[PDB]
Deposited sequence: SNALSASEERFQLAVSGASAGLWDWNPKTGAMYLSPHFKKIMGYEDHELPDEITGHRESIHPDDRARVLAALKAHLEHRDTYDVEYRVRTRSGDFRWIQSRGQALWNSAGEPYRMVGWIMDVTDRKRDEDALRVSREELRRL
């Protein structure tokens, strides 16, 4: 509620997902972060994860939808232009009294540049230890 000031000014994209149907609402900035203009994708879609992250991500979604464990992951997605970016994705599901998810709401942020510099550092450290 004070929320929309939040998800907006961080340059975040909002998402609202139905677990049974697969349907997803996307904010204009979500579409943008995927590399798409507002009109280049509908406000609702019903495959882009990097092959190396796919298992990790799906597993964390399961840990959330089943064990309630926190959902907050970083991973690579293929943008409109087939180029990969890193996003952080965080969200919270809603369950009925039967323990089943009927909704999940969250956001994404583009964290590519931080991930670039972390790996750059990481590689510098490896190489120094090889000397």
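Unmodelled regions of the deposited sequence, numbered from residue 1: 1-8, 55-57.
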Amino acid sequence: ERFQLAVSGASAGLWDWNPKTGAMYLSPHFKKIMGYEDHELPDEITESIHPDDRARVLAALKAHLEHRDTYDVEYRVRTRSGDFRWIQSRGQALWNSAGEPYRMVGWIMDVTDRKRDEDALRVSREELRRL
From here on, numbers count along this sequence of modelled residues.
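Relative to one another, 15-23 and 109-117 have unequal mean CA B-factors, and 15-23 is the one with the higher figure.
Remark: stretch with higher mean C-alpha B factor among 84-92 and 48-56 is 48-56. For the set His64, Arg103, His29, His39, the PDB entry assigns the largest Cα B-factor to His39. Per the deposited record, the Cα B-factor of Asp72 falls in the middle third when ranked against the other modelled residues of its chain.
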